[PDB]
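Coming up is one lone chain in structure tokens, specifically the form deposited in one PDB entry.
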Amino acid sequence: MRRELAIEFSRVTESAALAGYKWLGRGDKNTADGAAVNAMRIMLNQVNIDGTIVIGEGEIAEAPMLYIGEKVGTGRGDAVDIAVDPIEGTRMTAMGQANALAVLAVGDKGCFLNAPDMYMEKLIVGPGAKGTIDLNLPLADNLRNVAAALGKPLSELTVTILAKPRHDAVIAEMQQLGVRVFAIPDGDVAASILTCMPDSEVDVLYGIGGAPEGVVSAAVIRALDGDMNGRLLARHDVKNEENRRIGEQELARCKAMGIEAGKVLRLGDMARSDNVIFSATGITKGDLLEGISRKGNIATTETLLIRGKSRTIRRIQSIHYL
């Protein structure tokens, strides 16, 4: 009867996407965010769940809505963990650029790792390479094992990774290795799912991104029967002295939370059961989803709707009579 809620959750990302779409090309990241946050909360508060925000906009001091620990839903139905990413791609919404989307994941109570807002090294693959990765092994070793599971030469293997200065050395190493490297400007949530889409060239995601985004990836990767490892990393091992100010408070938040940074998290350490509903609606067109189009009174959305308990991946094209 939680599968009965799947449609309800797709309405939540549809509303959030449409609200961020109103601010497309308007040069205001905060107002576009606020609109999508606003709309996602409103909509969640009408769904029959007793949700706790486990991944969200920030702590209450910084985020007055969808803060970590916030209760959402009507309070009927199951106690559920909630992960929200109201706009994945806020900069691009403000700039009228590709790859903005609205994201939500719902799991069993206690399903999502409560990671602090810090960096996480990620390594993600699809179903055909499940059980063949380990971040305790060298990258090159990992890529070779993945290429063999996928049954392709290493030179064909496609690794997507965030285009950031921290990734220069590893990009040079992968290229030197003969791997194809898709260095993306955006963010790593949508990109991780490509590892599981047969029609994407992307086989693997590797690299350092946000820890909360990582758990959202872990939940959908789990639902899609792929694989992932992560590793939490404090700021000064990634990007100093202002970086160890903000980086020692990340390990402080870790210790009293209570997990250890620097240790390898397996898929099951991040997403703990298979009972995940994942919904994502495109705002602008990207690799995963089409964008919103509006011709006067009618808007269209595409939503990817994934349920862990099952044998079906849905793409829902909705025509909205605004």
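We number the residues from 1 along the sequence you see. We call the rigid core whatever largest set of C-alpha positions still superposes within 1.5 Å between the two forms.
Missing here is the form deposited in another entry; even so, the following discussion is about that form.
The comparison between the shown form and the other one, aligned on the rigid core, picks out a single residue among 198, 75, 151, 131 whose CA moves by 2 Å or more, and that residue is 198.
Relative to the superposed core, residue 226 shifts its CA atom by less than 2 Å between the shown form and the other one. Taking 2 Å as the criterion, residue 180 counts as shifted between the shown form and the other one: its C-alpha moves by at least this amount when the rigid core is aligned. Core-superposed comparison between the shown form and the other one: the C-alpha position of residue 117 differs by no less than 2 Å.
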